[PDB]
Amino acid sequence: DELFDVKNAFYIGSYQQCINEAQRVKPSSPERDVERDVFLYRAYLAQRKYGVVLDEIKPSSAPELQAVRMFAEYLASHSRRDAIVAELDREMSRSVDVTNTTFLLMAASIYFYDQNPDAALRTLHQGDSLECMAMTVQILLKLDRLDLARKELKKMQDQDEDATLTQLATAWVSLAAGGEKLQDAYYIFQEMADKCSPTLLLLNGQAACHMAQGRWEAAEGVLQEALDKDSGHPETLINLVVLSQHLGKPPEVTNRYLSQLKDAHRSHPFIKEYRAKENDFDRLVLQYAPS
């Protein structure tokens, strides 16, 4: 595979590296050229550079790219979402293509965000790529069905025991299994960061594994390193909040991280949930409070 690095860089979370290599690569196949552009924009999407994708992917672009652009508008325009899912529903039923794996992945991605695991899963069930399996594993995990997740894992475990995609999938499953499996997860995240590079994604994976076991002090370093690369990185700030309280830091510390999160991403799901908790608490105060 000529796009091995490009894809790998993408999956482990170093998007700029993915974008840089994507451009250094030379087509050598109208197929490969499309595969490359697909990852190039998947990467810009990971960096939240929606405009770049929306502007550059035009109507005459390959259908694979169109799928990517579909996700891009869903991600960018909050209003256009129901209209997109609607068209996605129609395209998904009024037609039957499956050879286009990129479409399945993008479509499944939209369904994932639309909180419709069944549709995402139903879509992915039609695909046949190693990524389709990893995404299926992810969704099964969020559905708290570790059992179904283990099955999909072995499915991809038999197909490519050493693909970084299979290794990451195994780490997620291990993190979900708990106990001994936790150290397994830690090592794959550490090895990955060592071989490739210590991406914000991999750093937080390591930190999650350390904190799973009660090693709060060992998580300090990786979180420091991640924060030093991007203040405002969601996962890092959240984990810092959790970590601060376990290390006994001054309560203002936990709060600073919380505020820093609101600054960098006003509408992150974790911020929305926090707000929701504040709401039903006020609501519950009224429920118990004397009249």
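Residues carry their position along the shown sequence, with the first being 1.
Novice: Quick one: say whether 88-96 or 107-115 has the higher mean Cα B-factor in the deposited entry.
Specialist: Taking the mean C-alpha B-factor of 88-96 and of 107-115, the larger value falls to 88-96.
Novice: Using the B-factors recorded in the PDB entry, average over the C-alpha atoms of 211-219 and of 125-133, then report which stretch comes out higher.
Specialist: According to the entry, 125-133 carries the higher average C-alpha B-factor.
Novice: Just to confirm, going by the entry's C-alpha B-factors, which of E225, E56, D230, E235 comes out highest?
Specialist: By C-alpha B-factor in the record, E56 ranks first.
Novice: In terms of CA temperature factor as recorded, identify the highest of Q183, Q157, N204, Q138.
Specialist: Highest C-alpha B-factor among the listed options: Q157.
Novice: Place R69 in the lowest, middle or highest third of its chain's C-alpha B-factors, as listed in the PDB entry.
Specialist: It belongs to the middle third of the chain when residues are ordered by C-alpha B-factor.
Novice: Consider only the C-alpha atoms of the modelled residues in this chain, order them by B-factor as the entry records it, and name the third containing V25: lowest, middle or highest.
Specialist: Highest third.
Novice: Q245's Cα B-factor: lowest, middle or highest third of the chain?
Specialist: Bottom third by C-alpha B-factor.
Novice: Quick check on the deposited entry: does the C-alpha B-factor of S267 sit in the lowest, middle or highest third of its chain?
Specialist: Highest third, going by the recorded CA B-factors of the chain.
Novice: State the tercile, meaning the lowest, middle or highest third, of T199 with respect to the CA B-factors recorded for its chain.
Specialist: As the PDB entry reports it, the C-alpha B-factor of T199 lands in the lowest third of its chain.
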